[PDB]
Amino acid sequence: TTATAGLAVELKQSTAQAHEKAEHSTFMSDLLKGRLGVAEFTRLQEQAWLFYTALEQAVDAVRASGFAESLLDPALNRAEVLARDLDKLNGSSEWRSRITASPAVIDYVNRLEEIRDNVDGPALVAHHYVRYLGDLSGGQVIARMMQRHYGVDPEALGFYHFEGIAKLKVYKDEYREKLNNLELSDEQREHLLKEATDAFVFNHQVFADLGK
Ligand code: HEM
Ligand SMILES: OC[C@H]1O[C@@](CO)(O[C@H]2O[C@H](CO)[C@@H](O)[C@H](O)[C@H]2O)[C@@H](O)[C@@H]1O
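FYI, in the UniProt record's numbering the residues of the sequence shown are 2 to 213.
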């Protein structure tokens, strides 16, 4: 890992091992190869609604503070569209009163709520990068596989569609440019990098708990 090439590159390299671990978790691997089904995908999306809700509250806090404002684009917010997807997948709003956070999600949500409470800009950016750039990347493959293997209606995959964003690759390139332009102290940078690994660790455990 190097830091002489900018934060975007340092992040990518520093978290590469943790990304591989999350991406290849047994649950996700089985889901994408067609071994599971829409029920398991819905369970994942229910857990995701819980942590996206926490994430987006933290994003609102940090954006309001003035830190990384241009990076924290509200067009990225997923909680509302995800709730609409869940309404479709489950057939009603029943899920809202039924779902419960897995142990993994309890931990993940707790950390996001701590970031929100502390208004910890560097830590929030780490979590924002891990989730949203993942959605704009691997997420696109997930959406296609839900349609292909399980026949999920595209209208129940709004989470992955990012209404309001035109060119996707251009958007990611601009996102990385914004990361590179963030004014961070060495301590803040170190904190952001460590947190990004922790974000991937939380995500792997979410998949593990779904697999149980
Ligand atoms: C919760 C799980 C996941 C998270 C958090 C995550 C996160 C990320 C992030 C943050 C990037 C951006 C890397 C960068 O340019 O700095 C990324 C890229 C990518 N991810 Fe993952 N990812 C996950 C799951 C997956 C899955 C399951 C796959 C396999 C479909 C995948 C395939 C890719 C690919 C191929 C890229 C490169 C960019 C692209 O081709 O669109 N990811 N992911
Ligand atoms: O590309 C996403 C992400 O995957 C990592 C491992 O987490 O790299 C692997 O996948 C790449 C293709 O997507 C390969 O080019 C690479 O050689 C392989 O290790 C990360 O480095 C990368 O950001």
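Beta carbons are placed, not taken as given, at the ideal position from N, Cα and C, and that holds for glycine.
Rounded C-alpha distance that separates residue 183 from residue 198: A direct Cα-Cα distance of roughly 19 Å separates residue 183 from residue 198.
Within 8 Å, strictly: CB atoms of residue 57 and residue 80: Their beta carbons are under 8 Å apart, which means residue 57 touches residue 80 by this criterion.
By the DSSP assignment, the alpha helix (DSSP H) with residue 37 in it spans what residues? Where residue 37 is concerned, there is no enclosing alpha helix (DSSP H), given that its DSSP letter is neither H nor E.
For residue 181, which residues in the same chain have their Cβ closer than 7 Å to its Cβ, ignoring the five residues on either side in sequence? 7, 8, 9
Any heavy atom of ligand 2 closer than 7 Å to the CB of residue 1? For the chain, the structure presents residues 2 to 213; residue 1 sits outside this window and is missing.
Cβ contact (3+ pairs, closer than 8 Å) linking the segment 195-209 and the segment 115-129: Contact between the segment 195-209 and the segment 115-129 is established, with three or more Cβ pairs separated by less than 8 Å.
Is residue 121 helix, strand or coil by DSSP? coil
For residue 153, name the three-state secondary structure that DSSP assigns. In the structure shown, residue 153 sits in coil (DSSP, three-state: anything other than H, G, I, E or B).
Starting from the C-beta of residue 29, find all residues in its chain whose C-beta is less than 6 Å away, skip the five residues before and the five after it, and write them out in chain order. 208
Where residue 15 falls: helix, strand or coil (DSSP): helix
Kindly list the residues whose CB is nearer than 7 Å to the CB of residue 62, restricted to its own chain and excluding five residues on each side of it in sequence; keep chain order. Sequence-distant partners of residue 62 (beyond 5 residues in either direction) whose C-beta falls short of 7 Å from its own C-beta, in its chain, are 117, 120.
Might you give, ordered along the chain, the residues of its own chain that have their beta carbon closer than 7 Å to the beta carbon of residue 133, omitting 5 neighbours on each side? 77
What do you reckon, is the C-beta of residue 204 under 7 Å from a heavy atom of ligand 1? yes
Using CA coordinates, which residue listed in 74, 48, 67 is at the minimum distance from residue 84? 48
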